[PDB]
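Quick heads-up: it's one chain on its own, the form deposited in one PDB entry, in structure tokens.
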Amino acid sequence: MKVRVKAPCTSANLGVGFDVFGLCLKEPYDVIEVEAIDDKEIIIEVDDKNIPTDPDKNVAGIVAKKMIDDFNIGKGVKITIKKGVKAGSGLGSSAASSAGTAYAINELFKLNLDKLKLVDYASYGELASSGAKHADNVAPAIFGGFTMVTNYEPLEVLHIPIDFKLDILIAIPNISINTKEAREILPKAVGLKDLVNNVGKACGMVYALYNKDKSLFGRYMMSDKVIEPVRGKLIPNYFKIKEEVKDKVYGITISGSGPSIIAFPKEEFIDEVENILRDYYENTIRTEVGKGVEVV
């Protein structure tokens, strides 16, 4: 009959973890309901008028069709989506719809697929919306916590639960940034030295999570000199904001391909950091690490 889920926004890259790291947020999230229908068609309703309802264009339809065909399911589905945040915000909006749909289809048709497989299916949605089957936003959307996409073909995802408090502040600019473009402006090659820096800093972030060291995690997160300095120039006041909250956060960086900004405020300055972000971007939210798609 029907399955309804909340599918969370996620923050990919986290600086030196470009195309690998992902952190699941508790909010915002999409509320997605999938209902099996007799007609073998996929019908989509979405509250954001800028998101297509064509099932071959909305990632929810792309993922549902792939799963329905792969399991010879003989039904269609009506998918209703209420968006947590607009597309192109750097908060994994489309990944929320892809992952929420994969999860919902799995439940609705009792496919008993494991999390890795759900991420793999959701990534077919990311293929379409970004032109690349990247799984770094759909992985945390499904697994919750912190994930690392460590291989493709075949997809491998390593998950590290965050079992300690990690306050998150997200500033969401009203402008949007197209991920494909955000990737084209990136260097085609990086110096051996950046390879070494990013590998060391990203490994240090993994060590930091196992040691529950927010300070180390946040500081290493801000050491990327390859991607973040580039995308950061697309975001109004981004560098000014970083300087203004400098000693009041464990770290702050671009969420995904931007323009949203993700900050991990120190407990002592959370209200103040939130007020600073809000002065620049009215749409600022306080959240924490989420647990992934779940029924609602």
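Between two forms, the rigid core is defined as the largest C-alpha subset superposing within 1.5 Å. All residue numbers are counted from 1 along the displayed sequence.
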51 to 59 versus 254 to 262 - which carries the larger mean C-alpha B factor in the record: 51 to 59
Of 181 to 189 and 148 to 156, the stretch whose C-alpha atoms average the higher B-factor in the entry: 181 to 189
Residue selected from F164, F217, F109, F71 by maximal Cα B factor: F164
Which of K83, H134, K201, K117 ranks first by CA B-factor in the deposited coordinates: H134
Cα B factor band for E268 (lowest, middle or highest third within the chain): highest
Ranked C-alpha temperature factor of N275 among modelled chain residues, by third: highest
For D30, the third of its chain into which the C-alpha B factor falls: lowest
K291 - Cα temperature factor, lowest/middle/highest third of chain: middle
Position of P173 among the chain's modelled residues by C-alpha B-factor, lowest, middle or highest third: highest
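There is another form of this protein, the form deposited in another entry, and it is not shown here; the text below is about that form.
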Only residue that shifts (Cα, 2 Å or more, rigid core superposed) between the shown form and the other one, among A128, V226, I162, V206: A128
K78 C-alpha moves between the shown form and the other one by 2 Å or more, core aligned: no
Post core alignment: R183 C-alpha displaced by 2 Å or more between the shown form and the other one: yes
